[PDB]
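A single chain comes next, written as C-alpha cells; it is the form deposited in one PDB entry.
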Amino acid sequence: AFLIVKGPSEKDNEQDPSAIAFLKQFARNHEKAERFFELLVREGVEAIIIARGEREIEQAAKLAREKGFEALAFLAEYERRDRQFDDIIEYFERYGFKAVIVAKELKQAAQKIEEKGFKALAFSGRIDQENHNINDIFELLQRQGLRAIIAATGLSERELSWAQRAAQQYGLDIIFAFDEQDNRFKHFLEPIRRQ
C-alpha cells in the first residue's frame, strides 16, 4: 500500500506555491495536499526512518533519538497482524514520531486509524518510468528541517541504495544499522551521483 499517519497536532497556503504543487501529482484534493503540506512544515521533521515492518523500528527510533531529531517514520508493512495498524498510533506514544508513512491499494481502511484522532492520507504509487519524480518529496521535507535519513535494518539493497541515492541527490544524511565498509558513507564520499 501507501499511507501516512499523523499525530494529534495543536495550533499549526502562505508563500509556498511550488511545494503544494509537487504534492498534487500524488495527493488528490487541492486542499488534501494543502493540509498534508502543513504536516511537514509545523513539526519540521528532521529525520526519515525507513524500514519494512518490528524490533527494527526501536533501533532506528533510538538512532533517530541519537541526533536530537524529530523523526518521521516510513516503512512497507503490508498485511494485518493485530496491533501494527493499531500500534501505528502508538509509534507516536512510544517513539514520539511526528508522522508515520506506511507502504493494500484498495480497501485502504484509513478510517480504522483516523477514527481515533490520527490524521491520515492515501496512496502515492511505486515504480514509474520518469513521469513524475517522486523523490523530490525529500527536497520539500529538506526545506522543512529534514537533515538526515535513517535506514533501519532489513532494507533490501535497492531500498538501501534508493535511500542512499536520495541522501546524495538532496543533501541528506543517511544512517545505517552494503552497510559495513566505506558504503556506509557513500553519500558523503560521493556527494554527487554518477552514471
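Residue numbers here begin at 1 and follow the sequence given. Here, rigid core means the biggest group of C-alpha atoms that superpose within 1.5 Å across both forms.
Omitted from view is the form deposited in another entry, to which the following refers.
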{"property": "Residue 142 C-alpha moves between the shown form and the other one by 2 Å or more, core aligned", "result": "no"}
{"property": "Core-aligned C-alpha movement of residue 33 between the shown form and the other one, 2 Å or more", "result": "yes"}
{"property": "Residue 94 C-alpha shift between the shown form and the other one of 2 Å or more, rigid core reference", "result": "no"}
{"property": "Inter-Cα distance between residue 84 and residue 62 in the other form, nearer or further [3 Å or more]", "result": "farther"}
{"property": "Cα-Cα shift for residue 75 and residue 78, closer or farther in the other form, minimum 3 Å", "result": "closer"}
